[PDB]
Amino acid sequence: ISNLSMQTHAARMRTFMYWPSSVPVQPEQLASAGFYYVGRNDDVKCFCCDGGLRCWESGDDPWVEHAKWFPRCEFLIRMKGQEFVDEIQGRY
Ligand SMILES: CN[C@@H](C)C(=O)N[C@H](C(=O)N1C[C@H]2C[C@@H]3C[C@@H]3N2C[C@H]1C(=O)N[C@@H]1CCOc2ccccc21)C1CCCCC1
Ligand SMILES: [Zn+2]
């Protein structure tokens, strides 16, 4: 999968075909936060920063996890704002 082909939400959604139903985070929330499914286990990558996330847990919010682990991502900042990212990074 080409990162460029994943710049739009609809394209990212279609990558989740065989996404394990047992994982307690849904494709719609993942795709909204920039992620697409790379086709192994529960591994997803962001189309913009290429950050990879896995081992989704109950109650995870994909935007929070994006800001926790990849705070410099420009798509994250454009969508959620620098204030949000600063707070997740523990700067109040
Ligand atoms: C609990 N919520 C989940 C989303 C979470 O926090 N996952 C963490 C994660 O995805 N991370 C951890 C961070 C730490 C550091 C910033 C780097 N990591 C990114 C990410 C990760 O493990 N990514 C792997 C390794 C790199 O390659 C890929 C490629 C695709 C998908 C995932 C990853 C890890 C996964 C392994 C179990 C423990 C939580
Ligand atoms: Zn990103």
# chains A, B, ... in the order shown; residues from 1 in each chain; ligands from 1

call {"tool": "residues_near_ligand", "arguments": {"ligand": "ligand 2", "cutoff": "7 Å", "atoms": "only C-alpha atoms and all ligand atoms", "output": "ChimeraX atom specification"}}
result
/A:34,46-51,66,70,73-76

call {"tool": "write_last_selection", "arguments": {"atoms": "N, CA and C atoms", "output": "tab-separated table (two decimals), in the first residue's frame"}}
result
chain	number	residue	atom	x	y	z
A	34	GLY	N	-6.26	9.18	10.57
A	34	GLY	CA	-5.16	9.14	9.60
A	34	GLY	C	-4.64	7.75	9.30
A	46	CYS	N	0.01	5.69	9.83
A	46	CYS	CA	-0.53	6.98	9.42
A	46	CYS	C	-0.06	7.34	8.03
A	47	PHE	N	-0.98	7.84	7.20
A	47	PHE	CA	-0.62	8.18	5.81
A	47	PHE	C	0.36	9.36	5.72
A	48	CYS	N	0.37	10.21	6.75
A	48	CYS	CA	1.15	11.44	6.69
A	48	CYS	C	2.54	11.26	7.30
A	49	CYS	N	2.60	10.78	8.54
A	49	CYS	CA	3.88	10.70	9.27
A	49	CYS	C	4.51	9.30	9.20
A	50	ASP	N	3.77	8.34	8.65
A	50	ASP	CA	4.20	6.94	8.56
A	50	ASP	C	4.41	6.25	9.92
A	51	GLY	N	3.92	6.87	10.98
A	51	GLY	CA	3.97	6.20	12.30
A	51	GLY	C	3.10	4.95	12.34
A	66	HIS	N	-2.29	8.79	18.57
A	66	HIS	CA	-1.49	9.48	17.53
A	66	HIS	C	-0.64	10.60	18.15
A	70	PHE	N	3.30	10.11	18.16
A	70	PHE	CA	3.79	10.84	16.98
A	70	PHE	C	3.37	12.31	16.99
A	73	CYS	N	3.39	14.96	13.90
A	73	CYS	CA	2.66	14.70	12.66
A	73	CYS	C	1.85	15.92	12.23
A	74	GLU	N	2.07	16.38	11.00
A	74	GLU	CA	1.36	17.55	10.51
A	74	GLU	C	-0.12	17.35	10.30
A	75	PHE	N	-0.54	16.15	9.89
A	75	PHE	CA	-1.97	15.88	9.75
A	75	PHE	C	-2.66	15.94	11.14
A	76	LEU	N	-2.07	15.28	12.14
A	76	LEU	CA	-2.56	15.38	13.51
A	76	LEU	C	-2.71	16.83	13.98

call {"tool": "residues_around", "arguments": {"residues": "residue 42 of chain A", "least_positions_apart": "6", "cutoff": "12 Å", "atoms": "only C-alpha atoms", "output": "PDB file with C-alpha atoms, in the first residue's frame"}}
result
ATOM      1  CA  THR A  15      -8.093  -1.217   3.759  1.00  0.00           C
ATOM      2  CA  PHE A  16      -9.873  -2.635   6.866  1.00  0.00           C
ATOM      3  CA  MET A  17     -11.602  -5.590   5.161  1.00  0.00           C
ATOM      4  CA  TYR A  18     -10.142  -8.435   7.201  1.00  0.00           C
ATOM      5  CA  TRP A  19      -9.591  -6.259  10.323  1.00  0.00           C
ATOM      6  CA  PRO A  20     -10.062  -8.573  13.317  1.00  0.00           C
ATOM      7  CA  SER A  21     -13.540  -7.981  14.832  1.00  0.00           C
ATOM      8  CA  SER A  22     -12.165  -8.822  18.299  1.00  0.00           C
ATOM      9  CA  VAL A  23     -10.064  -5.618  18.388  1.00  0.00           C
ATOM     10  CA  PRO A  24     -11.898  -3.005  20.537  1.00  0.00           C
ATOM     11  CA  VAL A  25     -11.242  -0.048  18.205  1.00  0.00           C
ATOM     12  CA  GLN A  26     -13.264   0.442  15.003  1.00  0.00           C
ATOM     13  CA  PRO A  27     -12.067   1.189  11.441  1.00  0.00           C
ATOM     14  CA  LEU A  30      -8.823   4.695  12.962  1.00  0.00           C
ATOM     15  CA  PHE A  35      -4.589   5.397   9.908  1.00  0.00           C
ATOM     16  CA  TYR A  36      -4.896   2.577   7.400  1.00  0.00           C
ATOM     17  CA  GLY A  52       2.880   2.626  13.078  1.00  0.00           C
ATOM     18  CA  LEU A  53       0.542   1.632  15.912  1.00  0.00           C
ATOM     19  CA  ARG A  54      -0.524  -1.789  17.137  1.00  0.00           C
ATOM     20  CA  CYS A  55      -2.024  -3.683  20.124  1.00  0.00           C
ATOM     21  CA  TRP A  56      -5.133  -1.534  20.407  1.00  0.00           C
ATOM     22  CA  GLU A  57      -6.754  -1.760  23.860  1.00  0.00           C
TER      23      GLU A  57
END

call {"tool": "select_by_dssp", "arguments": {"residues": "chain A", "states": "strand (DSSP E or B)", "output": "PyMOL selection string"}}
result
chain A and resi 35-37+44-46+52-53

call {"tool": "residues_around", "arguments": {"residues": "residue 10 of chain A", "least_positions_apart": "6", "cutoff": "10 Å", "atoms": "only C-alpha atoms", "output": "list in words"}}
result
residues 28, 31 and 32 of chain A

call {"tool": "write_last_selection", "arguments": {"atoms": "N, CA, C and O atoms", "output": "PDB file, in the first residue's frame"}}
result
ATOM      1  N   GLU A  28     -13.653   3.049  11.468  1.00  0.00           N
ATOM      2  CA  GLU A  28     -14.030   4.440  11.238  1.00  0.00           C
ATOM      3  C   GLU A  28     -13.192   5.410  12.084  1.00  0.00           C
ATOM      4  O   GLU A  28     -12.713   6.440  11.567  1.00  0.00           O
ATOM      5  N   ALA A  31      -9.448   5.291  10.686  1.00  0.00           N
ATOM      6  CA  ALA A  31      -9.306   6.009   9.422  1.00  0.00           C
ATOM      7  C   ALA A  31      -9.429   7.532   9.621  1.00  0.00           C
ATOM      8  O   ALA A  31      -8.713   8.308   8.997  1.00  0.00           O
ATOM      9  N   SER A  32     -10.342   7.946  10.489  1.00  0.00           N
ATOM     10  CA  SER A  32     -10.521   9.381  10.772  1.00  0.00           C
ATOM     11  C   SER A  32      -9.238  10.013  11.331  1.00  0.00           C
ATOM     12  O   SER A  32      -8.920  11.195  11.043  1.00  0.00           O
TER      13      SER A  32
END
